[PDB]
Amino acid sequence: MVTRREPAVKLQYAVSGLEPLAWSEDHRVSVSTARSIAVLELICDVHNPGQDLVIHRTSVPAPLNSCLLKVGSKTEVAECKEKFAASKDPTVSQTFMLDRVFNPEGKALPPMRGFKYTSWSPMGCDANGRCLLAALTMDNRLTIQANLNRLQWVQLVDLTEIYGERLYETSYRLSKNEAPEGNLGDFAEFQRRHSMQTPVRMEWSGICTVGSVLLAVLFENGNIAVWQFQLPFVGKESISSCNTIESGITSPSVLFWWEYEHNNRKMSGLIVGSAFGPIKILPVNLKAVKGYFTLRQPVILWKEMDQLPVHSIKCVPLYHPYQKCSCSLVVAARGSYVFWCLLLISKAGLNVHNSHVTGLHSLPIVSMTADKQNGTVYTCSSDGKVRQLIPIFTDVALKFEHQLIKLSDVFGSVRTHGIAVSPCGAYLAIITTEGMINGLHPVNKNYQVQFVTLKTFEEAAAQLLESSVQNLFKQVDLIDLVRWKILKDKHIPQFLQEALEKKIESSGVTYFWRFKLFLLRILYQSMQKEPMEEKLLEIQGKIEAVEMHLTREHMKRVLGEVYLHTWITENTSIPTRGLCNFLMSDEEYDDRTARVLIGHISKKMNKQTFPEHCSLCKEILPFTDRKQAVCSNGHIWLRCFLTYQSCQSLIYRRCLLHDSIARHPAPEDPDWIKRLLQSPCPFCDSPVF
Amino acid sequence: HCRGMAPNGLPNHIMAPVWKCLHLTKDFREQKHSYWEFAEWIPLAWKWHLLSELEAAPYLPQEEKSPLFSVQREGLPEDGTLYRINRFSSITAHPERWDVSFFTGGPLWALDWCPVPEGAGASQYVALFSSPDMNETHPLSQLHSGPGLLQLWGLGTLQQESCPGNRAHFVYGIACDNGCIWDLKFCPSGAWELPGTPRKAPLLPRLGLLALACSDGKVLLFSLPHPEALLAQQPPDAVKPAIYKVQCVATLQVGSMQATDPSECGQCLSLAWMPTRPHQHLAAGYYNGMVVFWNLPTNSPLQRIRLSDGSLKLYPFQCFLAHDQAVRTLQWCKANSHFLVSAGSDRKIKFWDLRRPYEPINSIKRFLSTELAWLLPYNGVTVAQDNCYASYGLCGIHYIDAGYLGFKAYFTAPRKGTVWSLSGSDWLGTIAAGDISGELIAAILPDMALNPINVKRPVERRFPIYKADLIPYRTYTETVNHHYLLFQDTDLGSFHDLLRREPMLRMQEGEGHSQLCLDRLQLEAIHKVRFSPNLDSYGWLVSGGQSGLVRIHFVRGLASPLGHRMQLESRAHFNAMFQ
DNA sequence: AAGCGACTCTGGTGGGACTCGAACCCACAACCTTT
Ligand SMILES: [Zn+2]
Ligand SMILES: [Zn+2]
């Protein structure tokens, strides 16, 4: 099942921080690194035959300026630092001088501007369709980053700045009379004012429903700030609130959002893990969305205080087949063990089962990830050992079964610093480093992200055909397995071709036409991008047949919206008469329902033409062709594929795969097409940007 | 500032940090040591099986008599006799200078003082390991697991009335089937109790609690009985080199409760107990570059299991990959136990925040560090080095700020050879260091709150304690049959006229101009140094090396009225509390 | 006078970068080289 994909992504700088590899819902991979976040984007390239993973590389640069936490007035903080450095007591003086939280940049101290942690949002958070990146530097600067154009990541906000202002304006007291205002000349209060705003780790909720999303930021003292962001997020304007709750957990270590669904009742809470062992779920009471609701009472998952640190927590929803209901599996890496707990609401109330699956590794777990679709957990340690860890249902709760993954058989002697499954568990990405050469240390240390398969092409094909999401972008990792096979063997395997025809014959939903279009385009690449020329010309014709189909079905949707909404001159943002003539133009298209739709429209349409003009000419564009429009006197404009207006703008929204184009929405556009412009393109799901 | 000459002949500004360190150490121990810990782990005599003479013989180190040697003492007449002493035997203390040599049967590779609560006035002991064969040398990349012996040597109470005519006594040893021992660390405080403690016959009053780092890659924890309790419990007719086979309190090793897959970690190369009450954690540095911690009181079935013999096995609560290479030395911060420094054979010194192990507080790259010392009062660390990468003559001993104060590294002592071992006396604020050249020196640090670049000249702050010289008279036998060791000892009574006295000129001619010695064993080499951690005997120092001789010295010139008064204060308090 | 703490001041070497010296490689014209 496991073989390597041939790309290895070489990294320029040392990998840095906690759980340093993440693979987003958006199939971008981020490596937190001492001088950047390396961001690797999986493209299912349909325009080239190169069998590799086509990885586009971009990065978030480290900050240029160190993040001094605001603990007092700019003079009083300097007076306090001077006091503690001068303190004749060995304990106070060295406690101050060694804790880099108080000395984020110094004389001989090295800067800590590299990244501690990174956490992708869900998809849909950006101003585009994409997900945002939360990025935490080791000097405690917490930022939210976006890649609005493809080239340059941009900081949308700094949350460490804002929270420091919030605290300063409340004298660092969260409850208005909870204590006297402490003397900042007390090192206990000085340390406290630092501790209460030093972020440990951070995680995004799901989308909440104007959409919203929550970011919980966990501080060294066990405070959690729950930020609420308005969507689409664009900056400080989008921060809808910040509310801080007190966990009371001593030495928090890790954080995750529990989210649950049974009997059509939504519930949610935060699961928090201590550095000393225990794991507990907190009611996030302070919130203002109506759709979500909070845990009734705290529930303790592990109480033991055994001092194994909870290095990681993941949660996956599972349909339990014997209890015949929705349940939630929590797994946590604690030392060299995976704590697991299965939470299952029943008529008996919340039923809780927990255990440790044991004997996994002879060293602490360095990273963990779960296949969200099945709960298969992968765990890793500096041995270069990865272990697949399968949940098997039991009449109540689970048992875990596990087996080692023989990474040494594919990479040789290696250290593994992190792992991440792709969103569909098609690939395991893995940070690797040169290992012990028969007990010799490696003379030189270079980091690489490397990739191994976890599923065969035939399992990927089966999962793509019986797809739940029916969405090529969400499944673009499984798609890359199908791409790799077809490029390698230069034909579509018979069972897939027959099964896809059966799905098209029976269901026929535009997902299966988009899937057929993908196979044909990769096939056309595979045969060198004479009978071979006839074969190329043949399948180029077949691509056009399905590509025209996906167009005509989308044209019918556009006309559908135009018909259902108010027929008013705001229609000028759509070339309605052009589409009417085009869509009925040929008896090559059978659909009587489209022709009657055009009948109703053409009966209601005005006789006034309102033609589209080429701006450089103010001469009409006849709507001759799908891809593009041309005027007399020689100009060419790309047409949009969402609306069909021509892109005469100096800026327009090109698909991630460049298969397709769309306009930016204008304020002149009505809401019902400002909606439509946010669609994925008809030829592939992808962000059109 | 302060001015004039101290009564020992050093300038007052050179002595002023030394006197300051006495009070700082006493206050620290009052706050953060304790008088009792680990009450569960009292020695049980039925776990101390005495091996017979024919059972013990495989464990005994193999040299039966020392090399021939002679000791010259500055300002005394030349004795001229060659001494030689049997394995497990000692020369008598010099009647005026109280130095003692004793022979352990093999080259010494671990050594520590038994800690005693200040004011107890107890009998003082050292634990040490001397390798079986002079010619053995062990590859780091491979586990060993051979047979060896841990030795406990009693030094007496070391009071001025007791020192003339003193001798070291081999009180007992433990047969160890776990290979050679690379580090020894006693529990810093709370392990000792009075030898007269009433305990029923199975239970023996505890002398101490001791961690062994094995080349077998595991740490062994022994609670030690007072010798008188064993000898009264032992039959009187037994052979006097009492070699016991002892079940541990616990075996400490890297693993998980069902992972049989053997650890990458390899040999265990360094130890550090947590410096502060209740000392509940023990750290170890490993060949694979990990630092490992065990939570010794742990009840958890994920960390504690009881073996069929009733001893515990402990699996670690935390590990992290500190270095790209063997972690050759650890020091744990006394002033705040969240911080630890470790140095590796990738020759980086890394300072750690144990709350945040993913990134060191500071890495400073240096020469190939052999040992660290982290004295209580100073933010930085003192580094002994292997010379293989330093520029010629720029190797030596360096003090290195942890980095907030931002001072440049202070070159406290130039050395030609690699300094194998170093220790800082918290009571004195001084370091002593031992060289492949077989020279032992001490150096007094300036008050490292103040920028060392204004130190006019470091040489006035250091002096030699002894140098061993081979005199003709490569295998060990090929050396000893042809050479004897000339130990040259300084007059430590005072530092008057220091730089004009012969041993300083000999040392300064050693610095720079002298040359490395190869194509012989280096029988001259010193391998360990330890200043006394105890307030009683705080001025005493022990060292040893490839000769298998071990030498005890008293730096009379730094023992001074403030410490003598502080001893007597603590003596009176202890006698008032425990009776 | 006698001394402290900056501030240069006189010399020695290492880190990474880079010149160094060599053989190896092209393709052609010269002609030795063969029945
Ligand atoms: Zn035109
Ligand atoms: Zn597209």
# chains A, B, ... in the order shown; residues from 1 in each chain; ligands from 1
>>> residues_around(residues="residue 6 in chain C", least_positions_apart="2", cutoff="12 Å", atoms="only C-alpha atoms (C1' of nucleotides)", output="list in words")
residues 451, 453, 454, 455 and 456 of chain B; 4 and 8 of chain C
>>> closest_atom_pairs(of="chain A", to="ligand 1", cutoff="10 Å", atoms="only C-alpha atoms and all ligand atoms", output="tab-separated table")
residue	atom	partner	partner_atom_place_in_ligand_line	distance
A:613	CA	ligand 1	1 (Zn)	8.1
A:614	CA	ligand 1	1 (Zn)	4.8
A:615	CA	ligand 1	1 (Zn)	6.7
A:616	CA	ligand 1	1 (Zn)	5.2
A:617	CA	ligand 1	1 (Zn)	4.6
A:618	CA	ligand 1	1 (Zn)	7.3
A:619	CA	ligand 1	1 (Zn)	6.7
A:620	CA	ligand 1	1 (Zn)	8.5
A:621	CA	ligand 1	1 (Zn)	8.5
A:629	CA	ligand 1	1 (Zn)	9.6
A:630	CA	ligand 1	1 (Zn)	7.1
A:631	CA	ligand 1	1 (Zn)	5.1
A:632	CA	ligand 1	1 (Zn)	6.6
A:633	CA	ligand 1	1 (Zn)	6.0
A:634	CA	ligand 1	1 (Zn)	5.7
A:635	CA	ligand 1	1 (Zn)	4.0
A:636	CA	ligand 1	1 (Zn)	6.9
A:637	CA	ligand 1	1 (Zn)	8.5
>>> write_last_selection(atoms="N, CA, C and O atoms", output="PDB file, in the first residue's frame")
ATOM      1  N   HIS A 613     -20.168  46.256 -25.655  1.00  0.00           N
ATOM      2  CA  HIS A 613     -19.219  47.015 -26.462  1.00  0.00           C
ATOM      3  C   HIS A 613     -17.788  46.716 -26.026  1.00  0.00           C
ATOM      4  O   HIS A 613     -17.489  46.667 -24.829  1.00  0.00           O
ATOM      5  N   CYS A 614     -16.907  46.536 -27.009  1.00  0.00           N
ATOM      6  CA  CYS A 614     -15.463  46.548 -26.786  1.00  0.00           C
ATOM      7  C   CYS A 614     -15.010  47.952 -26.408  1.00  0.00           C
ATOM      8  O   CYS A 614     -15.099  48.879 -27.218  1.00  0.00           O
ATOM      9  N   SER A 615     -14.528  48.106 -25.173  1.00  0.00           N
ATOM     10  CA  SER A 615     -14.238  49.427 -24.622  1.00  0.00           C
ATOM     11  C   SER A 615     -13.271  50.221 -25.497  1.00  0.00           C
ATOM     12  O   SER A 615     -13.422  51.439 -25.646  1.00  0.00           O
ATOM     13  N   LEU A 616     -12.273  49.558 -26.082  1.00  0.00           N
ATOM     14  CA  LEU A 616     -11.330  50.269 -26.941  1.00  0.00           C
ATOM     15  C   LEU A 616     -11.943  50.732 -28.258  1.00  0.00           C
ATOM     16  O   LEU A 616     -11.285  51.471 -28.997  1.00  0.00           O
ATOM     17  N   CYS A 617     -13.172  50.325 -28.569  1.00  0.00           N
ATOM     18  CA  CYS A 617     -13.749  50.546 -29.889  1.00  0.00           C
ATOM     19  C   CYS A 617     -15.140  51.150 -29.770  1.00  0.00           C
ATOM     20  O   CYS A 617     -15.608  51.804 -30.707  1.00  0.00           O
ATOM     21  N   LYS A 618     -15.820  50.886 -28.650  1.00  0.00           N
ATOM     22  CA  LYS A 618     -17.271  51.058 -28.507  1.00  0.00           C
ATOM     23  C   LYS A 618     -18.017  50.482 -29.712  1.00  0.00           C
ATOM     24  O   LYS A 618     -18.884  51.119 -30.314  1.00  0.00           O
ATOM     25  N   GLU A 619     -17.654  49.249 -30.058  1.00  0.00           N
ATOM     26  CA  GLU A 619     -18.290  48.478 -31.116  1.00  0.00           C
ATOM     27  C   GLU A 619     -18.727  47.141 -30.536  1.00  0.00           C
ATOM     28  O   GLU A 619     -18.137  46.644 -29.573  1.00  0.00           O
ATOM     29  N   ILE A 620     -19.771  46.559 -31.129  1.00  0.00           N
ATOM     30  CA  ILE A 620     -20.463  45.443 -30.495  1.00  0.00           C
ATOM     31  C   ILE A 620     -19.624  44.170 -30.537  1.00  0.00           C
ATOM     32  O   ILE A 620     -18.790  43.964 -31.428  1.00  0.00           O
ATOM     33  N   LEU A 621     -19.852  43.310 -29.541  1.00  0.00           N
ATOM     34  CA  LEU A 621     -19.330  41.952 -29.466  1.00  0.00           C
ATOM     35  C   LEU A 621     -20.456  40.961 -29.721  1.00  0.00           C
ATOM     36  O   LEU A 621     -21.407  40.900 -28.930  1.00  0.00           O
ATOM     37  N   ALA A 629     -14.558  36.668 -26.881  1.00  0.00           N
ATOM     38  CA  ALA A 629     -15.315  37.553 -27.749  1.00  0.00           C
ATOM     39  C   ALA A 629     -14.346  38.358 -28.599  1.00  0.00           C
ATOM     40  O   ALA A 629     -13.262  38.724 -28.137  1.00  0.00           O
ATOM     41  N   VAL A 630     -14.733  38.633 -29.840  1.00  0.00           N
ATOM     42  CA  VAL A 630     -13.940  39.472 -30.729  1.00  0.00           C
ATOM     43  C   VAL A 630     -14.857  40.486 -31.395  1.00  0.00           C
ATOM     44  O   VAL A 630     -15.969  40.155 -31.823  1.00  0.00           O
ATOM     45  N   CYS A 631     -14.403  41.733 -31.444  1.00  0.00           N
ATOM     46  CA  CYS A 631     -15.067  42.776 -32.205  1.00  0.00           C
ATOM     47  C   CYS A 631     -14.448  42.894 -33.593  1.00  0.00           C
ATOM     48  O   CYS A 631     -13.323  42.454 -33.839  1.00  0.00           O
ATOM     49  N   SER A 632     -15.201  43.503 -34.504  1.00  0.00           N
ATOM     50  CA  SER A 632     -14.601  44.037 -35.716  1.00  0.00           C
ATOM     51  C   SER A 632     -13.531  45.063 -35.360  1.00  0.00           C
ATOM     52  O   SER A 632     -13.560  45.683 -34.294  1.00  0.00           O
ATOM     53  N   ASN A 633     -12.577  45.240 -36.276  1.00  0.00           N
ATOM     54  CA  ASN A 633     -11.369  46.029 -36.027  1.00  0.00           C
ATOM     55  C   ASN A 633     -10.513  45.412 -34.924  1.00  0.00           C
ATOM     56  O   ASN A 633      -9.799  46.116 -34.206  1.00  0.00           O
ATOM     57  N   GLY A 634     -10.582  44.090 -34.789  1.00  0.00           N
ATOM     58  CA  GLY A 634      -9.499  43.315 -34.217  1.00  0.00           C
ATOM     59  C   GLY A 634      -9.171  43.529 -32.751  1.00  0.00           C
ATOM     60  O   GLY A 634      -8.125  44.094 -32.422  1.00  0.00           O
ATOM     61  N   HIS A 635     -10.056  43.080 -31.862  1.00  0.00           N
ATOM     62  CA  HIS A 635      -9.747  42.981 -30.443  1.00  0.00           C
ATOM     63  C   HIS A 635     -10.285  41.654 -29.936  1.00  0.00           C
ATOM     64  O   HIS A 635     -11.240  41.107 -30.490  1.00  0.00           O
ATOM     65  N   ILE A 636      -9.667  41.137 -28.875  1.00  0.00           N
ATOM     66  CA  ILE A 636     -10.058  39.857 -28.296  1.00  0.00           C
ATOM     67  C   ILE A 636     -10.144  40.026 -26.788  1.00  0.00           C
ATOM     68  O   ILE A 636      -9.222  40.565 -26.165  1.00  0.00           O
ATOM     69  N   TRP A 637     -11.242  39.557 -26.202  1.00  0.00           N
ATOM     70  CA  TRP A 637     -11.445  39.583 -24.763  1.00  0.00           C
ATOM     71  C   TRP A 637     -11.815  38.187 -24.297  1.00  0.00           C
ATOM     72  O   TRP A 637     -12.655  37.531 -24.920  1.00  0.00           O
TER      73      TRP A 637
END
>>> residues_near_ligand(ligand="ligand 2", cutoff="6 Å", atoms="only C-alpha atoms (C1' of nucleotides) and all ligand atoms", output="list in words")
residues 655, 657, 658, 659, 660, 681, 683, 684 and 686 of chain A
>>> interface_residues(of="chain B", to="chain C", cutoff="12 Å", atoms="only C-alpha atoms (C1' of nucleotides)", output="count of residues only")
18
>>> atom_distance(atom1="CA of residue 342 in chain B", atom2="CA of residue 413 in chain B")
21.3 Å
>>> residues_around(residues="residue 503 in chain B", least_positions_apart="4", cutoff="12 Å", atoms="only C-alpha atoms (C1' of nucleotides)", output="PyMOL selection string")
chain B and resi 72-75+439-441+462-467+488-492+495+497-499+507-510
>>> interface_residues(of="chain A", to="chain B", cutoff="9 Å", atoms="only C-alpha atoms", output="PyMOL selection string")
chain A and resi 16-18+85-86+89-95+97-100+103+106-110+112+116+138+251+275+304-309+335-337+358-364+382-383+436+438-443+445
>>> residues_around(residues="residue 91 in chain B", least_positions_apart="5", cutoff="7 Å", atoms="only C-alpha atoms (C1' of nucleotides)", output="number ranges by chain")
B: 100-102, 167
>>> write_last_selection(atoms="N, CA, C and O atoms", output="PDB file, in the first residue's frame")
ATOM      1  N   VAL B 100      45.924  12.921  50.639  1.00  0.00           N
ATOM      2  CA  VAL B 100      45.898  11.462  50.662  1.00  0.00           C
ATOM      3  C   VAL B 100      45.850  10.942  49.235  1.00  0.00           C
ATOM      4  O   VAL B 100      45.095  11.458  48.405  1.00  0.00           O
ATOM      5  N   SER B 101      46.647   9.917  48.949  1.00  0.00           N
ATOM      6  CA  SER B 101      46.511   9.129  47.734  1.00  0.00           C
ATOM      7  C   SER B 101      46.016   7.729  48.073  1.00  0.00           C
ATOM      8  O   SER B 101      46.453   7.132  49.059  1.00  0.00           O
ATOM      9  N   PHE B 102      45.104   7.206  47.261  1.00  0.00           N
ATOM     10  CA  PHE B 102      44.642   5.834  47.410  1.00  0.00           C
ATOM     11  C   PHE B 102      44.427   5.233  46.029  1.00  0.00           C
ATOM     12  O   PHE B 102      44.220   5.948  45.049  1.00  0.00           O
ATOM     13  N   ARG B 167      43.335   8.158  56.732  1.00  0.00           N
ATOM     14  CA  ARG B 167      43.437   7.235  55.611  1.00  0.00           C
ATOM     15  C   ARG B 167      42.049   7.064  55.014  1.00  0.00           C
ATOM     16  O   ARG B 167      41.046   7.149  55.725  1.00  0.00           O
TER      17      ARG B 167
END
>>> select_by_dssp(residues="range 150-366 of chain A", states="strand (DSSP E or B)", output="PyMOL selection string")
chain A and resi 154-158+199-208+212-219+223-230+239-246+252-262+265-274+279-282+294+299-302+310-320+325-334+337-346+349-357
>>> atom_distance(atom1="CA of residue 377 in chain A", atom2="CA of residue 292 in chain A")
27.7 Å
>>> residues_around(residues="range 181-196 of chain A", least_positions_apart="5", cutoff="9 Å", atoms="only C-alpha atoms (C1' of nucleotides)", output="PyMOL selection string")
chain A and resi 69-72+76-77+79-80+83-84+92+96+101-102+171-173+219-223
>>> write_last_selection(atoms="C-alpha atoms", output="short mmCIF file (atom, residue, chain, number, x, y, z; two decimals), in the first residue's frame")
data_model
loop_
_atom_site.label_atom_id
_atom_site.label_comp_id
_atom_site.auth_asym_id
_atom_site.auth_seq_id
_atom_site.Cartn_x
_atom_site.Cartn_y
_atom_site.Cartn_z
CA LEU A 69 4.58 41.98 25.06
CA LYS A 70 2.94 45.06 26.57
CA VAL A 71 2.95 44.63 30.35
CA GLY A 72 2.96 48.27 31.49
CA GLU A 76 7.67 51.37 34.02
CA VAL A 77 8.45 48.12 32.19
CA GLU A 79 12.34 50.21 35.31
CA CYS A 80 11.09 46.74 36.29
CA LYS A 83 15.27 46.10 38.89
CA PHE A 84 15.08 42.33 38.35
CA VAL A 92 14.90 36.32 40.90
CA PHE A 96 14.13 36.92 34.76
CA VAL A 101 9.40 35.72 27.26
CA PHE A 102 10.87 38.65 29.20
CA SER A 171 -5.38 47.00 33.73
CA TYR A 172 -4.80 43.29 32.99
CA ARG A 173 -7.87 42.40 35.07
CA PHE A 219 -2.12 31.11 27.11
CA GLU A 220 0.57 29.89 29.50
CA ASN A 221 -1.70 30.56 32.49
CA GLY A 222 -4.67 28.59 31.17
CA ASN A 223 -6.64 31.55 29.88
#
>>> atom_distance(atom1="CA of residue 133 in chain B", atom2="CA of residue 105 in chain B")
8.6 Å
>>> residues_around(residues="residue 430 in chain A", least_positions_apart="5", cutoff="12 Å", atoms="only C-alpha atoms (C1' of nucleotides)", output="MDAnalysis selection string")
chainID A and resid 4:5 7:9 19:23 29:31 366:369 378:382 384:386 407 411 414:422 447:453
>>> residues_around(residues="residue 536 in chain A", least_positions_apart="5", cutoff="12 Å", atoms="only C-alpha atoms (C1' of nucleotides)", output="list in words")
residues 520, 521, 522, 523, 524, 525, 526, 527, 528, 529, 530, 531, 541, 542 and 543 of chain A
>>> write_last_selection(atoms="N, CA, C and O atoms", output="tab-separated table (two decimals), in the first residue's frame")
chain	number	residue	atom	x	y	z
A	520	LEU	N	-9.94	12.38	-19.31
A	520	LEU	CA	-9.60	12.63	-20.71
A	520	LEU	C	-8.45	13.61	-20.86
A	520	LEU	O	-7.56	13.41	-21.68
A	521	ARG	N	-8.45	14.68	-20.06
A	521	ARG	CA	-7.35	15.65	-20.14
A	521	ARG	C	-6.01	15.06	-19.69
A	521	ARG	O	-4.98	15.38	-20.28
A	522	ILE	N	-6.00	14.22	-18.66
A	522	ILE	CA	-4.75	13.55	-18.29
A	522	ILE	C	-4.32	12.55	-19.35
A	522	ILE	O	-3.13	12.44	-19.67
A	523	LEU	N	-5.27	11.81	-19.92
A	523	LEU	CA	-4.96	10.90	-21.02
A	523	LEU	C	-4.34	11.64	-22.20
A	523	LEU	O	-3.32	11.21	-22.76
A	524	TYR	N	-4.93	12.77	-22.59
A	524	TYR	CA	-4.39	13.59	-23.66
A	524	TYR	C	-2.97	14.07	-23.37
A	524	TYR	O	-2.14	14.13	-24.28
A	525	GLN	N	-2.68	14.41	-22.12
A	525	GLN	CA	-1.29	14.67	-21.73
A	525	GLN	C	-0.43	13.43	-21.90
A	525	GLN	O	0.69	13.51	-22.42
A	526	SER	N	-0.92	12.28	-21.44
A	526	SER	CA	-0.09	11.08	-21.37
A	526	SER	C	0.45	10.66	-22.73
A	526	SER	O	1.62	10.25	-22.84
A	527	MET	N	-0.36	10.75	-23.78
A	527	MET	CA	0.08	10.39	-25.13
A	527	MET	C	0.77	11.56	-25.83
A	527	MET	O	0.29	12.13	-26.80
A	528	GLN	N	1.94	11.90	-25.29
A	528	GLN	CA	2.81	12.94	-25.84
A	528	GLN	C	2.11	14.29	-25.96
A	528	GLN	O	2.37	15.06	-26.89
A	529	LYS	N	1.23	14.59	-25.01
A	529	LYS	CA	0.56	15.89	-24.94
A	529	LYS	C	-0.03	16.33	-26.28
A	529	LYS	O	-1.04	17.02	-26.32
A	530	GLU	N	-0.45	9.97	-38.86
A	530	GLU	CA	-0.10	8.91	-37.92
A	530	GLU	C	-1.24	8.65	-36.94
A	530	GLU	O	-1.97	9.57	-36.57
A	531	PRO	N	-1.40	7.39	-36.52
A	531	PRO	CA	-2.53	7.05	-35.64
A	531	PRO	C	-2.48	7.75	-34.29
A	531	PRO	O	-3.54	8.00	-33.70
A	541	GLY	N	-11.35	15.93	-29.52
A	541	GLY	CA	-12.77	16.06	-29.79
A	541	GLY	C	-13.66	15.62	-28.65
A	541	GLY	O	-14.66	16.28	-28.34
A	542	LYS	N	-13.32	14.50	-28.00
A	542	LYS	CA	-14.08	14.03	-26.85
A	542	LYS	C	-14.00	14.99	-25.67
A	542	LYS	O	-15.00	15.20	-24.97
A	543	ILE	N	-12.83	15.57	-25.41
A	543	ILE	CA	-12.72	16.62	-24.40
A	543	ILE	C	-13.68	17.76	-24.71
A	543	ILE	O	-14.41	18.23	-23.83
